[PDB]
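Following: one structure in structure tokens, then a few remarks.
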Amino acid sequence: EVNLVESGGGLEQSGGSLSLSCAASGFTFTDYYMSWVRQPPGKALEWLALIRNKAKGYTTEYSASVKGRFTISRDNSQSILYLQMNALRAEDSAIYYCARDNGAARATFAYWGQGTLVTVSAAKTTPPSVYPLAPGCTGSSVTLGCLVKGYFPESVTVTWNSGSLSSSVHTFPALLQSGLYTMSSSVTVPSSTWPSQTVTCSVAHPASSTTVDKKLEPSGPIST
Amino acid sequence: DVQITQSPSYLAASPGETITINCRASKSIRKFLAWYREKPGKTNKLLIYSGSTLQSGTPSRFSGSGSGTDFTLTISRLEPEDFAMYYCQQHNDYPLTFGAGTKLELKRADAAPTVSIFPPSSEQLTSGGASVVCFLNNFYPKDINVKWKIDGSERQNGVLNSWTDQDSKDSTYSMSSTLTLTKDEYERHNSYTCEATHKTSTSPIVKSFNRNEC
Ligand code: NA
Ligand code: NA
Ligand SMILES: [Zn+2]
């Protein structure tokens with residue numbers, strides 16, 4: 001079926017550059033108008049750049065916000081769409097999507113990718129501290145968690161027991177604190193099974209190439 | 001350039017209900033209004049274009065109307081899968097511009113949160129910090145108040161709250177509330193309480209612990 005996959009997203013400083021690409025498949029690439037649309041955090045989708053089809057000779061249109069800095073192009077033999085992004089600004093930080101038109105109406109978006117995340121910031125790539133959340137000094141069900149704090153840039157993934165009680169996990173979105181991200185994750189399991197059996201949160205942060213595994217322990221001595 | 005105002009920003013509704021969503025352009029867009037839906041872990045899908053033409057595959061319970069500056073999307077007899085974020089977009093003219101969205105939320109029975117409190121870990125105390133964490137899980141609706149009390153005294157600085165999106169399966173929300181202090185600050189007081197007030201009861205659900213009961 002039709003598929004669009006974005007890549008090339010990452011962290012850059014203000015004034016740097018990035019190149020995005022969009023691997024398209026499942027249609028005759030050259031027959032369609034292709035676009036870049038972004039969603040900055042908490043804001044409306046913002047159309048940026050359009051490149052038309054072969055019939056139209058592949059002409060382009062840009063939003064005033066990226067004009068002269070960003071350039072949309074196509075590799076027609078390979079079915080790849082590009083966004084070259086120069087003179088990056090912190091306000092450029094967003095999820096970037098590539099899209100294709102629906103054929104009837106050329107300025108609509110029948111297919112989108114899932115997006116690629118672009119961060120423009122002066123903060124440095126930093127791995128998370130991972131803290132356990134266990135009950136202190138109970139009933140049939142027990143809630144446990146992991147507090148993941150002080151990381152940059154997003155994202156982190158928290159896995160509980162290699163994916164086995166992911167039916168009752170809650171992932172709380174990250175918020176920026178002191179220039180850095182914090183999130184937490186919780187899992188709820190029967191008391192019959194913890195602390196009787198092991199419960200571990202594994203925290204992957206690909207940006208720093210870090211994985212932390214943290215076993216949740218019961219309330220025990222200060223010693224041991 | 002053409003600015004687009006979507007309303008309402010939020011609407012709760014029941015399976016089987018009919019609802020209407022509005023979009024208003026600052027100047028005429030002729031008939032060229034498109035509607036989309038967004039859901040987490042899915043790519044955006046086009047529902048309607050040129051005001052009232054259904055995208056191939058859209059269910060017929062979707063319909064669009066309007067011209068000029070005022071349009072509406074109507075969905076008859078909502079199906080579970082229809083609960084989503086809906087956007088409008090004008091496609092009359094460049095720069096293409098979108099509304100900010102209408103969150104169409106699935107109305108379920110009211111539910112109180114399960115509340116859990118966590119002291120700071122040893123690990124965090126060793127580093128110089130103290131985060132006290134409260135989880136409030138599986139409630140509905142999303143409106144809730146959490147207050148933090150230290151030695152009975154309301155604490156209104158350093159609290160951060162975060163909510164999940166509505167759950168696909170049980171239609172609930174969950175949130176975390178985290179009070180972050182320095183170690184020194186943490187050690188100068190004894191009792192830490194997070195109190196949740198939610199429309200399911202006039203009594204707050206209260207969870208506490210004493211630093212010096214351990
Ligand atoms: Na900015
Ligand atoms: Na309260
Ligand atoms: Zn005190």
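Each chain of the structure tokens is named A, B, ... in the order shown, its residues numbered from 1; ligands are numbered from 1 in display order.
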
Write out as a PDB file with C-alpha atoms, in the first residue's frame every residue belonging to chain A that has an atom at most 6 Å from any atom of chain B, counting only C-alpha atoms.
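Everything below was put into out_20.pdb:
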ATOM      1  CA  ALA A  44      -1.480  24.112  14.548  1.00  0.00           C
ATOM      2  CA  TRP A  47       2.449  24.050   5.740  1.00  0.00           C
ATOM      3  CA  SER A  63       5.812  29.580   3.386  1.00  0.00           C
ATOM      4  CA  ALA A 107      -3.514  21.279  -2.252  1.00  0.00           C
ATOM      5  CA  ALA A 110      -4.244  12.280   1.340  1.00  0.00           C
ATOM      6  CA  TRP A 112       1.270  11.610   5.462  1.00  0.00           C
ATOM      7  CA  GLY A 113       4.197  10.070   7.230  1.00  0.00           C
ATOM      8  CA  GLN A 114       4.462   9.635  10.954  1.00  0.00           C
ATOM      9  CA  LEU A 133       9.255   4.621  42.489  1.00  0.00           C
ATOM     10  CA  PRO A 135       5.988   2.292  48.031  1.00  0.00           C
ATOM     11  CA  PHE A 172       3.507  10.420  31.082  1.00  0.00           C
TER      12      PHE A 172
END

Which residues form the shell of 9 Å around ligand 1 when you count only C-alpha atoms and all ligand atoms, given as a tab-separated table (two decimals) with N, CA, C and O atoms, in the first residue's frame?
chain	number	residue	atom	x	y	z
A	89	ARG	N	16.57	27.93	13.40
A	89	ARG	CA	16.14	28.79	14.52
A	89	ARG	C	15.49	27.87	15.55
A	89	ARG	O	14.85	26.82	15.18
A	90	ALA	N	15.52	28.29	16.81
A	90	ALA	CA	14.88	27.49	17.84
A	90	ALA	C	13.35	27.28	17.60
A	90	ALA	O	12.81	26.22	17.84
A	91	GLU	N	12.67	28.30	17.10
A	91	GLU	CA	11.29	28.22	16.62
A	91	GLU	C	11.04	27.28	15.50
A	91	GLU	O	9.88	26.97	15.17
A	92	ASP	N	12.10	26.78	14.87
A	92	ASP	CA	11.91	25.72	13.85
A	92	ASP	C	11.67	24.32	14.40
A	92	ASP	O	11.36	23.40	13.62
A	93	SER	N	11.88	24.15	15.71
A	93	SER	CA	11.75	22.88	16.42
A	93	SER	C	10.31	22.41	16.25
A	93	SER	O	9.37	23.14	16.58
A	120	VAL	N	16.05	22.31	17.67
A	120	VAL	CA	17.08	23.35	17.58
A	120	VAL	C	17.22	24.02	18.95
A	120	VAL	O	16.29	24.62	19.46
A	121	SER	N	18.35	23.81	19.58
A	121	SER	CA	18.52	24.22	20.94
A	121	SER	C	19.97	24.35	21.24
A	121	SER	O	20.81	23.72	20.58

Nearby residues, ligand 3, 8 Å, only C-alpha atoms and all ligand atoms, as a compact mmCIF listing (two decimals) with N, CA and C atoms, in the first residue's frame:
# COMPACT_ATOMS: atom_id res chain seq x y z
N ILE B 150 2.84 20.15 52.75
CA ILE B 150 4.01 19.83 53.53
C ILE B 150 3.71 20.25 55.00
N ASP B 151 3.63 19.32 55.94
CA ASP B 151 3.32 19.72 57.36
C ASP B 151 2.02 20.55 57.43
N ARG B 188 13.59 19.45 55.95
CA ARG B 188 13.24 20.41 56.99
C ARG B 188 11.78 20.31 57.40
N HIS B 189 11.05 19.32 56.86
CA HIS B 189 9.64 19.12 57.12
C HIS B 189 9.36 17.61 57.17
N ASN B 190 8.20 17.19 57.63
CA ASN B 190 7.93 15.75 57.89
C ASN B 190 6.89 15.11 57.04
N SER B 191 5.70 15.71 57.01
CA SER B 191 4.60 15.09 56.29
C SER B 191 4.46 15.68 54.90

Please report as JSON lines every residue of chain B lying within 7 Å of ligand 2, along with the nearest atom pair and their distance in Å (one decimal), using only C-alpha atoms and all ligand atoms.
{"residue": "B:145", "atom": "CA", "partner": "ligand 2", "partner_atom_place_in_ligand_line": "1 (Na)", "distance": 5.0}
{"residue": "B:146", "atom": "CA", "partner": "ligand 2", "partner_atom_place_in_ligand_line": "1 (Na)", "distance": 4.7}
{"residue": "B:147", "atom": "CA", "partner": "ligand 2", "partner_atom_place_in_ligand_line": "1 (Na)", "distance": 4.9}
{"residue": "B:195", "atom": "CA", "partner": "ligand 2", "partner_atom_place_in_ligand_line": "1 (Na)", "distance": 4.6}
{"residue": "B:196", "atom": "CA", "partner": "ligand 2", "partner_atom_place_in_ligand_line": "1 (Na)", "distance": 4.2}
{"residue": "B:197", "atom": "CA", "partner": "ligand 2", "partner_atom_place_in_ligand_line": "1 (Na)", "distance": 3.9}
{"residue": "B:204", "atom": "CA", "partner": "ligand 2", "partner_atom_place_in_ligand_line": "1 (Na)", "distance": 5.5}

*Would you mind reading off the distance between CA of residue 46 (chain A) and CA of residue 100 (chain A), one decimal, in Å?*
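Calculated distance between CA of residue 46 (chain A) and CA of residue 100 (chain A) is 15.3 Å.
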
*Tell me, which residues of region 64-170 of chain B carry DSSP strand (DSSP E), written as a PyMOL selection string?*
chain B and resi 64-67+70-75+85-90+97-98+102-106+114-118+129-139+145-150+153-155+159-163
